[PDB]
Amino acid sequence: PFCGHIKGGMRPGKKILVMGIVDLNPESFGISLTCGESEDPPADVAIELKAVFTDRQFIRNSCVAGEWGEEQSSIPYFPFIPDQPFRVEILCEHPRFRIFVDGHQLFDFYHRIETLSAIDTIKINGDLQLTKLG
């Protein structure tokens, strides 16, 4: 798995760009914004985005002190295709993240972790090749 540092953490108006290529026979991948890079014990998770290909879900949740929140799943469509490039953009606003895939807003996620400047790590894992981070 991969960790990228976000200098200064998140703040309103800041946008994280992730581009990659989905694997040919994917099961799932994840893109998370976390408070630090620790894997053991796991850093608190401000937002995890998990693409699950078997039932075409794009699920979101947060994790604080080991406790996951309420999973959110509403989607207009499942935006990823095996073997195809994608662009995910996470826009931070004061009340919420807004998530865009290939330029289109898919959903918002209202902050559970409200110390946005502590959200200083992007973690990427699973059945993709990561091609750009910005």
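Sequential numbering from 1, following the sequence displayed.
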{"item": "Greater mean Cα temperature factor according to the PDB record, 64-72 or 104-112", "value": "64-72"}
{"item": "Assigned third (lowest, middle, highest) for the C-alpha B factor of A43", "value": "middle"}
{"item": "B-factor third for the C-alpha atom of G8 within its chain", "value": "highest"}
{"item": "Chain-wide C-alpha B factor ranking for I122, given as lowest, middle or highest third", "value": "lowest"}
{"item": "Entry-reported Cα temperature factor of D83, expressed as the chain third it lands in", "value": "highest"}
{"item": "Ranked against its chain, the third holding the CA B-factor of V18", "value": "lowest"}
